[PDB]
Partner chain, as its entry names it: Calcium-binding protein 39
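One chain comes next, on its own, written out as structure tokens in the form solved without its partner chain.
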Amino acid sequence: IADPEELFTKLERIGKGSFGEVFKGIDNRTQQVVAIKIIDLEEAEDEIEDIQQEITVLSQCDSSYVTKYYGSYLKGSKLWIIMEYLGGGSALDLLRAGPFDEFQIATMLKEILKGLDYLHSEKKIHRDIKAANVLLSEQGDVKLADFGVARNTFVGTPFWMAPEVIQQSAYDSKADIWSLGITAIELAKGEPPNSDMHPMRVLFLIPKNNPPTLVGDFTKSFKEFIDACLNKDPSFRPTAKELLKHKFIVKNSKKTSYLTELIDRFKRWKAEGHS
């Protein structure tokens, strides 16, 4: 029990996520830039020791495709979670300057797929693949911010949810393949399919409707990639690994450093006047 208000300095706010706020921060002793997620567990003090149990296990993970956990510190009923800082922004931030071209998308999806194809020893992993959770380093490395293991009273956002997840079927890692498909549409178009519909309506249509498709004169191979992820039968969606060999990814992927151009493109958008 050392006080994190003294160990760390908050700089800018970077996230208005769910349980609280994420900050760009700095460790006062070592000067390492970090990400700090603060969550109030006032009435849920019993939850604390479990949350720190999980943070400690996560910090032993060896994936270079997830934002690493460094530890956590209790202050009052607030828990300060200390994580790796990535300075390039999320894909969703970068999308504000416009959708990405196919070579950028294939490059980004390949890095996501490498992280989905990673063997995790941790017990029951949950994932939330979407553009808000895809982070870029300043050098263009791609890491996901959704990674973890097993009183929240709201249903949630449906747009990236797989059919079998909604029909309440016991769901495996094929659900993340579906969500990756939706995220690919999000990167090409700017938003997930049916983003103009009421969420409760979307939640009912997902299991009943034919899968969404990419609208636009994109290459046939990109549309086939999307079609493969968005199979309605979990069993016939391909694995992360089969997808890493899809001709869309193989033909169009570039070195990850090329994604710095998206960072730069966001800078002139800002320089042009938030627009």
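Numbering follows the first chain given and starts at 1.
According to the entry, the deposited sequence runs straight from residue 155 to residue 156 with no unmodelled residues in between.
As recorded in the PDB entry, 70-78 is the stretch of 105-113 and 70-78 with the greater mean C-alpha temperature factor. According to the PDB record, 134-142 carries the higher mean C-alpha B-factor of the two stretches 158-166 and 134-142. Based on the entry's C-alpha B-factors, the most elevated value among 224, 40, 27, 233 belongs to 40. Compared with the other modelled residues of the chain, the Cα B-factor recorded for residue 119 ranks in the middle third. Residue 239: CA B factor in the lowest third of modelled residues in this chain (values from the PDB entry). Residue 186 sits in the lowest third of its chain by CA B factor, as recorded in the PDB entry. For residue 36, the recorded CA temperature factor ranks within the middle third of the chain's modelled residues. For residue 91, the recorded CA B-factor ranks within the middle third of the chain. Only modelled residues enter the ranking.
In what follows, reference is made to the form solved in complex with its partner chain, a form of this protein that is not presented.
Think of it this way: in the deposited bound form, its partner chain has a heavy atom of just one of 92, 116, 83, 79 within 4.5 Å, and the residue is 79. For the residues 205, 74, 197, 149, the 4.5 Å heavy atom test against its partner chain in the deposited bound form is passed only by 74. Partner contact region in the deposited bound form: 122-130, out of 164-172, 104-112, 122-130, 135-143, criterion any non-hydrogen atom within 4.5 Å of its partner chain. Site residues 42, 62 and 69 are all in contact with its partner chain in the deposited bound form, judged by any heavy atom within 4.5 Å. Put simply, residue 228 is far from its partner chain in the deposited bound form: not one heavy atom of it is within 4.5 Å.
Heavy atoms of residue 233 never reach within 4.5 Å of its partner chain in the deposited bound form, leaving it off the interface. Though the partner is left out of this view, residue 48 does reach within 4.5 Å of its partner chain in the deposited bound form, counting heavy atoms only. Taking non-hydrogen atoms only, residue 35 never approaches its partner chain to within 4.5 angstroms in the deposited bound form.
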